[PDB]
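Participant:
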Amino acid sequence: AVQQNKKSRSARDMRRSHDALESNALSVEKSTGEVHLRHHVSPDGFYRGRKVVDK
Amino acid sequence: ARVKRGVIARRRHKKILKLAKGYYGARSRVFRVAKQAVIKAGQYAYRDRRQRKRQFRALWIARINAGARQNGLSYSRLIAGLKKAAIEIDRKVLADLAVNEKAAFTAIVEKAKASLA
Amino acid sequence: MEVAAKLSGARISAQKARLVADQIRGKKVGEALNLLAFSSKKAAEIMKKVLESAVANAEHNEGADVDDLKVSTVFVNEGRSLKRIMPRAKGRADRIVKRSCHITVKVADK
Amino acid sequence: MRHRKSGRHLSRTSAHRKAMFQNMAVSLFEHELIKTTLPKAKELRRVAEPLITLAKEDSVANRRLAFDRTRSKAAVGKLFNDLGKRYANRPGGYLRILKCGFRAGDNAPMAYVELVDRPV
RNA sequence: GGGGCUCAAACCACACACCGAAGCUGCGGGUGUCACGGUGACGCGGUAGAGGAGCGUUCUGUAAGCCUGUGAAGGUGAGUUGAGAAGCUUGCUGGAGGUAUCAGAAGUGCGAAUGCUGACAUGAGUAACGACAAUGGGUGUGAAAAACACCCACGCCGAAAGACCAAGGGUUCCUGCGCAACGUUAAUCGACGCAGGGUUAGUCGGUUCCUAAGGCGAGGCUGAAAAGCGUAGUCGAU
RNA sequence: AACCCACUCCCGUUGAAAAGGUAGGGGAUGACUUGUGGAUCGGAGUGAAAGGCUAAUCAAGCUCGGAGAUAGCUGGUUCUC
RNA sequence: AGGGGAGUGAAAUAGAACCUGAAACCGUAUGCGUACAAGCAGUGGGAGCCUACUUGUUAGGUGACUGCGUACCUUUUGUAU
Ligand SMILES: [Mg+2]
Ligand SMILES: [Mg+2]
Ligand SMILES: [Mg+2]
Ligand SMILES: [Mg+2]
Ligand SMILES: [Mg+2]
Ligand SMILES: [Mg+2]
Ligand SMILES: [Mg+2]
Ligand SMILES: [Mg+2]
Ligand SMILES: [Mg+2]
Ligand SMILES: [Mg+2]
Ligand SMILES: [Mg+2]
Ligand SMILES: [Mg+2]
Ligand SMILES: [Mg+2]
Ligand SMILES: [Mg+2]
Ligand SMILES: [Mg+2]
Ligand SMILES: [Mg+2]
Ligand SMILES: [Mg+2]
Ligand SMILES: [Mg+2]
Ligand SMILES: [Mg+2]
Ligand SMILES: [Mg+2]
Ligand SMILES: [Mg+2]
Ligand SMILES: [Mg+2]
Ligand SMILES: [Mg+2]
Ligand SMILES: [Mg+2]
Ligand SMILES: [Mg+2]
Ligand SMILES: [Mg+2]
Ligand SMILES: [Mg+2]
Ligand SMILES: [Mg+2]
Ligand SMILES: [Mg+2]
Ligand SMILES: [Mg+2]
Ligand SMILES: [Mg+2]
Ligand SMILES: [Mg+2]
Ligand SMILES: [Mg+2]
Ligand SMILES: [Mg+2]
Ligand SMILES: [Mg+2]
Ligand SMILES: [Mg+2]
Ligand SMILES: [Mg+2]
Ligand SMILES: [Mg+2]
Ligand SMILES: [Mg+2]
Ligand SMILES: [Mg+2]
Ligand SMILES: [Mg+2]
Ligand SMILES: [Mg+2]
Ligand SMILES: [Mg+2]
Ligand SMILES: [Mg+2]
Ligand SMILES: [Mg+2]
Ligand SMILES: [Mg+2]
Ligand SMILES: [Mg+2]
Ligand SMILES: [Mg+2]
Ligand SMILES: [Mg+2]
Ligand SMILES: [Mg+2]
Ligand SMILES: [Mg+2]
Ligand SMILES: [Mg+2]
Ligand SMILES: [Mg+2]
Ligand SMILES: [Mg+2]
Ligand SMILES: [Mg+2]
Ligand SMILES: [Mg+2]
Ligand SMILES: [Mg+2]
Ligand SMILES: [Mg+2]
Ligand SMILES: [Mg+2]
Ligand SMILES: [Mg+2]
Ligand SMILES: [Mg+2]
Ligand SMILES: [Mg+2]
Ligand SMILES: [Mg+2]
Ligand SMILES: [Mg+2]
Ligand SMILES: [Mg+2]
Ligand SMILES: [Mg+2]
Ligand SMILES: [Mg+2]
Ligand SMILES: [Mg+2]
Ligand SMILES: [Mg+2]
Ligand SMILES: [Mg+2]
Ligand SMILES: [Mg+2]
Ligand SMILES: [Mg+2]
Ligand SMILES: [Mg+2]
Ligand SMILES: [Mg+2]
Ligand SMILES: [Mg+2]
Ligand SMILES: [Mg+2]
Ligand SMILES: [Mg+2]
Ligand SMILES: [Mg+2]
Ligand SMILES: [Mg+2]
Ligand SMILES: [Mg+2]
Ligand SMILES: [Mg+2]
Ligand SMILES: [Mg+2]
Ligand SMILES: [Mg+2]
Ligand SMILES: [Mg+2]
Ligand SMILES: [Mg+2]
Ligand SMILES: [Mg+2]
Ligand SMILES: [Mg+2]
Ligand SMILES: [Mg+2]
Ligand SMILES: [Mg+2]
Ligand SMILES: [Mg+2]
Ligand SMILES: [Mg+2]
Ligand SMILES: [Mg+2]
Ligand SMILES: [Mg+2]
Ligand SMILES: [Mg+2]
Ligand SMILES: [Mg+2]
Ligand SMILES: [Mg+2]
Ligand SMILES: [Mg+2]
Ligand SMILES: [Mg+2]
Numbered sequence: 002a003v004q005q006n007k008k009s010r011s012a013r014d015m016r017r018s019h020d021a022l023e024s025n026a027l028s029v030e031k032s033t034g035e036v037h038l039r040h041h042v043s044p045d046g047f048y049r050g051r052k053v054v055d056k
Numbered sequence: 002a003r004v005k006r007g008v009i010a011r012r013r014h015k016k017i018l019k020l021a022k023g024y025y026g027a028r029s030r031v032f033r034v035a036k037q038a039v040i041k042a043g044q045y046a047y048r049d050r051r052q053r054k055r056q057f058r059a060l061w062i063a064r065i066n067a068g069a070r071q072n073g074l075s076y077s078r079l080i081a082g083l084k085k086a087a088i089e090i091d092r093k094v095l096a097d098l099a100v101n102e103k104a105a106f107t108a109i110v111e112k113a114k115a116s117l118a
Numbered sequence: 001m002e003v004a005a006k007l008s009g010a011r012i013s014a015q016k017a018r019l020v021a022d023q024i025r026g027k028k029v030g031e032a033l034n035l036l037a038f039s040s041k042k043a044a045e046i047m048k049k050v051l052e053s054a055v056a057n058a059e060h061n062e063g064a065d066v067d068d069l070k071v072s073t074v075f076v077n078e079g080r081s082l083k084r085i086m087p088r089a090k091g092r093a094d095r096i097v098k099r100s101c102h103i104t105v106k107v108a109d110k
Numbered sequence: 001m002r003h004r005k006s007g008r009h010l011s012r013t014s015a016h017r018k019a020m021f022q023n024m025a026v027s028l029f030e031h032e033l034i035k036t037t038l039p040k041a042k043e044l045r046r047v048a049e050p051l052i053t054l055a056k057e058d059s060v061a062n063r064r065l066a067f068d069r070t071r072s073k074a075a076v077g078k079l080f081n082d083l084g085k086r087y088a089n090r091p092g093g094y095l096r097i098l099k100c101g102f103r104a105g106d107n108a109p110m111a112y113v114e115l116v117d118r119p120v
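Protein chains in written order, with the entry's author numbering: chain 4, 2 to 56; chain S, 2 to 118; chain U, 1 to 110; chain P, 1 to 120.
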């Protein structure tokens, strides 16, 4: 099936009112000061104040 | 002599689209829909120049009716008395006195009652 | 102040790229960069290079400081589109449009 | 429904699923630290942890059972000789899983599986 | 038509008042016909259709004129003027041409023709991403790696999904340098871009020798003309 | 079995495909299948005959001309008073 | 790739997809309206708010509430159909 009348500008923009994106949970590593995702290893290799992967 | 239509066609569309300002959707930005809206808006404007005279007279009557009954008289008995005495003030001025110059409206009403009508 | 930076012919659609652009409008430059560094969207990687260079333009050309700045203006315009052909069933052909956009970021101490 | 049901299909057949977790466990006992998807990392601890418990008692019966489950001669040698002796007094929980981010290619959540007391 | 209506807000007679149209009157304007020498009177819904009067566009004369870099046409706002098509004056853009008045000629006015050509919407960030043999780690390079290379381990074909001739194609083959577009994703990779290189025969396949079906065919026989058939002959591989 | 064919079901119908696929199915030393080259064609050819086939076109191919055929039939026909 | 300066030029919003650069279409910014309200989306009436200035018998923007109101073309005896 297909539309009988084309949708308007307002009709299609009302449908997109639920398309806004969310923001993640970012924490600051207390020892150094790097910003990482919450509950994730730092981009440097730190988690909860400990080297874990040494790059 | 070949004639090109580009320049006079553009001025003719722009006259219609300028009258369609403030309309909704395609009625103010595409010519085909805007032309019909401008024609229809001119039919209503012609017709509502007549209704405007009807709607205001009905408003004046409804307000003289309210003002006459505060003085103890209906609208139809007031008009009969006013024609009977001599008075020929408009309905537009009678409705204005009913709201603002209430002490002048009272004198006119008791003049109409004194005409035994 | 109001230093700008533009990226023309960004190889991504404007509707896709405008979802990211709404996240950083009016925010400070310091925190708008974190929000883009931890985003899964592809537009957030393209728009992170435009913002990072709009800050650099405010440094070399206007002697500003990163702390004072904030994203005063950001918008996404359309661009040229490439037109291709996609073969469908029963000998039919469809037209594919590959869309692009222009990304513009302005920073200002004001 | 799937009330009180255990396991993950992971869009693989049972033979594929069983064969993939052998490779991961065999690689883990050799490198001590691997990077995989988070859903796969959580299904691996139900395979690689019962193998370390089995190696705490060394006997012909146990090594044959371990080789039937990890068909790798080096992994049977690594167990019974390095692990199981290192973890001789650990009441379970021999591996640690840490979220690390998302892949560039498809945005899949990744993880780090490692052994708890690595020599590093 | 609804609310609601019972000495009615129903019905039957009588009476007085009011509401009520673009009808009639009052006031101010415009027009058609007729009459008189600006007044007077009667009119002024309208399809097919008949009759009358005009606006605007392109070119030619008026014009070796007039306007114009102290800013032409064109574009975009505002103000104003007519009963209308329309005219006029100015702000900004533009950067070199325009044409008063009165005449003459027309490729002379678009919303429709499942009209023609370009551009762009809605569906919609929706279906789909092409066999359901199958992938997991480590390392390297790199701006960046699920997909590139190497290693360890898994799977699949194996009278094929391996190898080789003929047809067909035509540089797709190898190396260095690249990633815009092409590859239904990314790409550092490629049958992609640029530049260089690469194919060696007495015996292999052709050509050369011989003919089949068939073709052409000196003379010839036939046929308005083009031409048809065919002898000697010479082409034609499977 | 290879090879040639197309009886049934389901899927697919904007298809992987302008006629396929997976499961079963018929013939399989012959009135068989197939490669290469050659012959017959538009009121003409060919046809174990279905008005079937003659380049995804067939109760008379395609292409260019007569040609802007003809259309008592549909559609459309552009500024103002 | 693309940009921010600096230079050339009378002029780079004349920058090589380069004179002018309209419309559909897509955005950012400001003013007002909009989440108890039913329909060709207008018009008659009309409050409040915002801006400008000659400070309210003015100009511009918006339009709460309310009376009336079923597009255009064609073909028809007749169409919101
Ligand atoms: Mg609909
Ligand atoms: Mg419709
Ligand atoms: Mg319909
Ligand atoms: Mg909007
Ligand atoms: Mg949405
Ligand atoms: Mg036009
Ligand atoms: Mg409006
Ligand atoms: Mg508009
Ligand atoms: Mg095809
Ligand atoms: Mg589209
Ligand atoms: Mg459970
Ligand atoms: Mg099996
Ligand atoms: Mg009674
Ligand atoms: Mg009247
Ligand atoms: Mg009248
Ligand atoms: Mg009069
Ligand atoms: Mg008339
Ligand atoms: Mg009349
Ligand atoms: Mg002239
Ligand atoms: Mg100027
Ligand atoms: Mg001209
Ligand atoms: Mg001008
Ligand atoms: Mg002007
Ligand atoms: Mg010149
Ligand atoms: Mg002239
Ligand atoms: Mg014409
Ligand atoms: Mg028209
Ligand atoms: Mg048109
Ligand atoms: Mg038409
Ligand atoms: Mg018309
Ligand atoms: Mg159509
Ligand atoms: Mg049309
Ligand atoms: Mg869309
Ligand atoms: Mg849908
Ligand atoms: Mg869905
Ligand atoms: Mg889907
Ligand atoms: Mg698939
Ligand atoms: Mg498919
Ligand atoms: Mg595939
Ligand atoms: Mg691998
Ligand atoms: Mg790797
Ligand atoms: Mg893959
Ligand atoms: Mg096998
Ligand atoms: Mg060849
Ligand atoms: Mg090539
Ligand atoms: Mg190659
Ligand atoms: Mg290379
Ligand atoms: Mg690609
Ligand atoms: Mg890239
Ligand atoms: Mg190449
Ligand atoms: Mg020979
Ligand atoms: Mg012969
Ligand atoms: Mg011959
Ligand atoms: Mg002869
Ligand atoms: Mg010969
Ligand atoms: Mg020969
Ligand atoms: Mg031969
Ligand atoms: Mg075959
Ligand atoms: Mg057959
Ligand atoms: Mg059949
Ligand atoms: Mg069948
Ligand atoms: Mg079946
Ligand atoms: Mg069979
Ligand atoms: Mg079959
Ligand atoms: Mg038999
Ligand atoms: Mg032949
Ligand atoms: Mg022939
Ligand atoms: Mg014929
Ligand atoms: Mg028959
Ligand atoms: Mg026949
Ligand atoms: Mg055919
Ligand atoms: Mg015929
Ligand atoms: Mg013919
Ligand atoms: Mg014709
Ligand atoms: Mg003829
Ligand atoms: Mg018509
Ligand atoms: Mg007109
Ligand atoms: Mg300009
Ligand atoms: Mg352009
Ligand atoms: Mg010039
Ligand atoms: Mg230009
Ligand atoms: Mg525009
Ligand atoms: Mg807004
Ligand atoms: Mg209520
Ligand atoms: Mg409300
Ligand atoms: Mg509604
Ligand atoms: Mg409604
Ligand atoms: Mg109103
Ligand atoms: Mg009004
Ligand atoms: Mg006002
Ligand atoms: Mg209203
Ligand atoms: Mg109504
Ligand atoms: Mg029609
Ligand atoms: Mg009919
Ligand atoms: Mg009928
Ligand atoms: Mg209707
Ligand atoms: Mg309708
Ligand atoms: Mg009707």
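The beta-carbon is built from N, C-alpha and C at its ideal position, and this holds for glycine as well.
Along chain 4, which residues have their Cβ under 8 Å away from the Cβ of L19 (chain U)?
Facilitator: By 1-based counting over the third sequence, the position of residue 19 (chain U) is 19. Residues of chain 4 passing the Cβ test: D20, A21, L22.
Participant: Anyone know if the C-beta pair for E35 (chain 4) and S43 (chain 4) falls short of 7 Å?
Facilitator: What you label residue 35 (chain 4) is simply residue 34 of the first sequence in a count that begins at 1. What you label residue 43 (chain 4) is simply residue 42 of the first sequence in a count that begins at 1. A contact, by the Cβ cut-off of 7 Å.
Participant: Got a sec? Which residues, its chain only, sit under 7 Å from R70 (chain S) by beta carbon, not counting five neighbours each side?
Facilitator: Within the second sequence, numbered from 1, the residue matching residue 70 (chain S) stands at position 69. Excluding residues within five positions, none has a Cβ falling inside 7 Å.
Participant: Report the residue from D117 (chain P), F102 (chain P), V120 (chain P) whose alpha carbon sits nearest the alpha carbon of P39 (chain P).
Facilitator: On the fourth sequence, residue 39 (chain P) is found 39 positions in, with the first residue counted as 1. The closest CA to that of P39 (chain P), considering only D117 (chain P), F102 (chain P), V120 (chain P), is found on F102 (chain P).
Participant: Can you check whether the CB of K16 (chain U) is closer than 7 Å to the CB of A43 (chain U)?
Facilitator: Translated into positions along the third sequence, residue 43 (chain U) becomes position 43. Translated into positions along the third sequence, residue 16 (chain U) becomes position 16. Closer than 7 Å, so yes.
Participant: Would you be able to state if there are at least three C-beta pairs under 8 Å between the region 8-15 of chain U and the region 54-74 of chain U?
Facilitator: Contact between the region 54-74 of chain U and the region 8-15 of chain U is absent, because fewer than three Cβ pairs lie under 8 Å.
Participant: Who are the neighbours of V36 (chain 4) on chain U, taking C-beta pairs under 9 Å?
Facilitator: Locating residue 36 (chain 4) in the first sequence gives position 35, counting from the first residue. Here the neighbours are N34, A37, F38.
Participant: Based on Cα-Cα distance, which residue from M47 (chain U), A5 (chain U), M1 (chain U) lies nearest to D22 (chain U)?
Facilitator: Here residue 22 (chain U) refers to the residue found at position 22 of the third sequence. When each option's Cα is compared against that of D22 (chain U), the closest is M47 (chain U).
Participant: In or out: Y45 (chain S) buried (at least 16 other Cβ within 10 Å) or exposed?
Facilitator: Counted from its first residue, the second sequence places residue 45 (chain S) at position 44. By the 10 Å Cβ count, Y45 (chain S) comes out exposed.
Participant: Step through the CB atoms of chain 4 and report whether any lies within less than 7 Å of the CB of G7 (chain P).
Facilitator: For the purposes of this step, residue 7 (chain P) is taken as the residue at position 7 of the fourth sequence. It does not; no Cβ of chain 4 falls within 7 Å.
Participant: Buried or exposed, going by whether 16 or more other CB atoms sit within 10 Å of the CB of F106 (chain S)?
Facilitator: The sequence position of residue 106 (chain S) within the second sequence is 105, counting from 1. So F106 (chain S) ends up on the buried side.
Participant: Identify which residue in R95 (chain U), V20 (chain U), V74 (chain U), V76 (chain U) has its Cα closest to the Cα of residue 121 (chain U).
Facilitator: Since the first and last residues shown for chain U are 1 and 110, residue 121 (chain U) lies out of range.
Participant: Who are the neighbours of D94 (chain U) on chain 4, taking C-beta pairs under 7 Å?
Facilitator: Translated into the one-based positions of the third sequence, residue 94 (chain U) becomes position 94. Going along chain 4, no residue has its Cβ under 7 Å from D94 (chain U), so there is no contact; the nearest lies around 16 Å.
Participant: Under the rule that 16 or more other beta-carbon atoms within 10 Å means buried, what is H41 (chain 4), buried or exposed?
Facilitator: In the first sequence, the residue the question calls residue 41 (chain 4) occupies position 40. It counts as buried.
Participant: Taking the continuous alpha helix (DSSP H) assigned at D14 (chain 4), which residues delimit it?
Facilitator: Residue numbering aside, residue 14 (chain 4) sits at position 13 when the first sequence is read from its first letter. Per DSSP, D14 (chain 4) belongs to the alpha helix (DSSP H) from 10-16.
Participant: For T73 (chain U), which of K41 (chain U), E45 (chain U), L51 (chain U) has the nearest alpha-carbon?
Facilitator: Along the third sequence, read from residue 1 onward, the residue named residue 73 (chain U) stands at position 73. Out of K41 (chain U), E45 (chain U), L51 (chain U), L51 (chain U) has the C-alpha closest to the C-alpha of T73 (chain U).
Participant: Taking the alpha-carbon positions, what's the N89 (chain P) to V20 (chain U) distance?
Facilitator: By 1-based counting over the fourth sequence, the position of residue 89 (chain P) is 89. By 1-based counting over the third sequence, the position of residue 20 (chain U) is 20. So the two alpha carbons sit approximately 52 Å from each other.
Participant: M110 (chain P) by DSSP, collapsed to three states: which one?
Facilitator: Here the question's residue 110 (chain P) lines up with position 110 in the fourth sequence. In this structure, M110 (chain P) counts as strand in the three-state DSSP scheme.
Participant: Looking at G23 (chain S) and ligand 7, is the gap between the Cβ and the nearest heavy atom below 6 Å?
Facilitator: Start at 1 with the first residue of the second sequence, and residue 23 (chain S) comes out as number 22. Under cutoff, so the answer is yes.
Participant: Assign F57 (chain S) to one of two classes, buried (16 or more other C-beta atoms within 10 Å of its C-beta) or exposed (fewer than that).
Facilitator: By one-based count along the second sequence, residue 57 (chain S) stands at place 56. Burial call: exposed.
Participant: Taking DSSP as the reference, what is the three-state secondary structure of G79 (chain U)?
Facilitator: Within the third sequence, residue 79 (chain U) is the residue found at index 79, counting from 1. Looking at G79 (chain U) - three-state DSSP - the assignment turns out to be coil, as it is neither helix nor strand.
Participant: Give every residue of the same chain whose Cβ lies closer than 6 Å to the Cβ of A75 (chain P), excluding the five residues on either side of it in the sequence, and list them in chain order.
Facilitator: Here residue 75 (chain P) corresponds to residue number 75 of the fourth sequence, with the count starting at 1. If we look at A75 (chain P) and ignore the five residues flanking it on each side, its Cβ neighbours are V26, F29.
Participant: Quick one: is the Cβ of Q15 (chain U) within less than 6 Å of any heavy atom of ligand 2?
Facilitator: Along the third sequence, one-based indexing puts residue 15 (chain U) at 15. Incorrect: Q15 (chain U) has no Cβ contact closer than 6 Å to ligand 2.
Participant: With 16 other CB atoms within 10 Å as the buried threshold, where does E114 (chain P) fall?
Facilitator: Counting from one through the fourth sequence, the residue named residue 114 (chain P) turns up at place 114. Answer is buried; the Cβ neighbour count reaches 16.
Participant: Is residue 126 (chain P) helix, strand or coil when you go by DSSP?
Facilitator: In this structure chain P extends from 1 to 120, so residue 126 (chain P) is not present and cannot be described.
Participant: I'd like the ranges of any beta strand (DSSP E) spanning at least 3 consecutive residues and lying wholly in the region 79-104 of chain U.
Facilitator: 82-87, 93-98
Participant: Pick out whichever of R64 (chain P), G77 (chain P), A104 (chain P) has its Cα sitting closest to the Cα of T37 (chain P).
Facilitator: Within the fourth sequence, numbered from 1, the residue matching residue 37 (chain P) stands at position 37. Selected option, being the one with the closest Cα: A104 (chain P).
Participant: Are the CB atoms of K31 (chain 4) and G46 (chain 4) nearer to each other than 7 Å?
Facilitator: Residue 31 (chain 4) sits at position 30 when you count from the first residue of the first sequence. Residue 46 (chain 4) sits at position 45 when you count from the first residue of the first sequence. Not closer than 7 Å, so no.
Participant: Hey, would you say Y87 (chain P) sits closer than 7 Å to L98 (chain P), going by beta carbons?
Facilitator: Indexing the fourth sequence from 1 puts residue 87 (chain P) at position 87. Indexing the fourth sequence from 1 puts residue 98 (chain P) at position 98. Not in contact: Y87 (chain P) and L98 (chain P) (Cβ atoms no closer than 7 Å).
Participant: Nearest to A56 (chain U) by CA position, among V29 (chain U), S100 (chain U), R80 (chain U), is which residue?
Facilitator: One-based indexing of the third sequence puts residue 56 (chain U) at position 56. For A56 (chain U), the nearest C-alpha among the options comes from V29 (chain U).
Participant: Could you check which residue in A118 (chain S), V31 (chain S), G43 (chain S) has the C-alpha nearest to that of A81 (chain S)?
Facilitator: Within the second sequence, residue 81 (chain S) is the residue found at index 80, counting from 1. Per the Cα distances, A118 (chain S).
Participant: Note down, in chain order, each residue of its chain lying with its Cβ closer than 6 Å to the Cβ of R88 (chain U), except the 5 sequence neighbours on either side.
Facilitator: In the third sequence, residue 88 (chain U) corresponds to position 88, counting from 1. Counting only Cβ-Cβ distances below 6 Å, and skipping sequence neighbours, we find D94.
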